[PDB]
Each structure stands twice: as structure tokens, then as C-alpha cells.
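Each chain is listed here by its residues.
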Amino acid sequence: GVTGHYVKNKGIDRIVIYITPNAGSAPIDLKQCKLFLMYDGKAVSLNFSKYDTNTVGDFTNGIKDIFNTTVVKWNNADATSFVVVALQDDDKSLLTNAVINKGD
Amino acid sequence: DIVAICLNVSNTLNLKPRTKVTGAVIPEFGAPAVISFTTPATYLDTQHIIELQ
Ligand SMILES: [Ca+2]
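As recorded in the entry header, the structure was determined using cryo-EM to a resolution of 3.0800 Å.

Here it is, written out as C-alpha cells:
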């Protein structure tokens, strides 16, 4: 899924992309993956960056609003990086060295 | 017979992820056994014993 936030009279300001591993896939080391995006005049590559003080933002137990600034800590999303928020992870793999495995 | 050669490498070789390890056990006579593996891309805390080769 993808979802996004609209500022009035301006356009879409930020986007959140939900990602999951395919059946049977071996674990993926998220912090080495690169995200390429194309649009009307620019083709940009973004690299992983740490959430505040910790590798991945731990919201395994729910978020009041994924876009509210004070709750979520968007600030490290610079013009050249992304950050990762962990939504479901039983085995604590996301939470510790950022590895996606089955069911995350 | 089967027997396990036990080596403690904690300070001698720095086996972090994605690292190639090469070697041989060389007998007094006869052909050497060749050790050759690359450590996994990711180590998980739920799986402390890893099968390398
Ligand atoms: Ca996991």
C-alpha cells in the first residue's frame, strides 16, 4: 500500500510505503536497500538512515497518527534518505539490526 | 569416523557478516580438506547457531 498527506493549496508533502517480504524469501537486510523514484523531472535514489537514537522506530504497539510530527519523528527524512517504522515483528528482527523476515 | 575440530576465533579473525573465510586442514600425508564459506548477510538473535558450509 501507499498513503500520503496533502497540505492545502500546495500538494502531497510526504508519503508512507508499506512493504513485506514474499513467501519463502530469505531475510532482507533493509539497511542496505536503495529506493529509486521517478517523477516529472527528477530521478532520485534514497538511502536508509537511523530513526532517532535507534535503528527502527518501534511502534509494534500502535500509532495514534502516522503523520503527526510529535509522535512519529519525521525529522531525519532528509532530501536523500528514508526511515523505517516497524509495524509488526514477533521475533524482534526489525527492532535489532533492521532485518525483515517472514510475517514482518 | 567423524570428528570435530574446534577453533575459537573471537579475537584472531573478525568474522562479521558478508565475510569470506578460506583455509585447509593439512595432514601429514594425503590431500587437504578445503574450508570455504562466506558468512550470511544477516545474523538473527533467534538463531545463535549457524550452518556455514
Ligand atoms: Ca521479524
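Caption draft 1: Inspection of the pattern of salt bridges at higher detail. Evaluation of the coordinates by the stated rule reveals two salt bridges over all chains. Across the pair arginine 18 of chain B and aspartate 29 of chain A runs a salt bridge, and its minimum N-O distance is 1.9 Å. Of this pair, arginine 18 of chain B sits in the segment before β1 (20–25) while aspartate 29 of chain A sits in strand β3 (residues 28–29), placing the two residues on different chains. Under the relative-accessibility criterion, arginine 18 of chain B is labelled partly exposed at 46%. Judged by its relative accessible area of 9%, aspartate 29 of chain A falls in the buried class.

Caption draft 2: Structural view of the layout of surface pockets. Its boundaries defined by the atoms lining it, the largest pocket holds a volume of some 1500 Å³. Lining the largest pocket we find 39 residues, and of these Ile15, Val16, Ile17, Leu35 and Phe82 of chain A sit closest to its centre. Contributing elements (two or more residues each) for the lining of the largest pocket: β2 (11–17), β4 (34–38), β5 (43–48), β7 (81–82) and β8 (85–86) of chain A. With six residues, the top contributor of residues to the lining of the largest pocket is β2 of chain A. Counted by class, the lining of the largest pocket contains 29 nonpolar, three polar and seven charged residues. As for the second largest pocket, its lining consists of 22 residues, of which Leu7, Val9, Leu15, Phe37 and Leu52 of chain B are closest to the centre. Elements with a contribution of two residues or more to the lining of the second largest pocket: β1 and β2 (33–38) of chain B. Considering every element that reaches the lining of the second largest pocket, the biggest residue donor is β1 of chain B, with four residues. Classifying every residue of the lining of the second largest pocket by side-chain character gives 15 nonpolar, six polar and one charged.

About the cut-offs
- All residue numbers refer to a per-chain count from 1 along the written sequence rather than necessarily to the numbering of the entry. Residues that lack coordinates are not shown.
- Chains carry letters and ligands carry numbers; both start at the beginning, A for chains and 1 for ligands, and go up in the order they are written.
- Shown here is not the whole assembly but part of a larger one, and the values apply to the part shown.
- Side-chain measures here rest on the full set of heavy atoms in the structure, leaving out hydrogens and waters.
- By salt bridge we mean one thing: a side-chain nitrogen of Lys or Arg within 4 Å of a carboxyl oxygen of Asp or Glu.
- Helix and strand definitions follow DSSP, with helices as H or I runs of at least four residues and strands as E runs of at least two, each counted in order from the N terminus.
- Each residue gets one of three labels from its accessible area relative to the maximum for its type: buried under 20%, exposed over 50%, partly exposed in between, using a 1.4 Å probe on protein chains only.
- The rule is simple: put a 1 Å grid over the protein atoms alone, call a set of points where a 1.4 Å probe fits but cannot get out a cavity, call an open set with protein on both sides within 12 Å along at least five of seven lines a pocket, and count a residue as lining if it has an atom within 4 Å of a point.
- Grid points are joined across faces, edges and corners, and a volume is the space filled by probe spheres set on the points.
- Three categories are distinguished: nonpolar for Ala, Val, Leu, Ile, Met, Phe, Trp, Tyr, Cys and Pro, charged for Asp, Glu, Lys and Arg, and polar for the others, with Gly belonging to the last.

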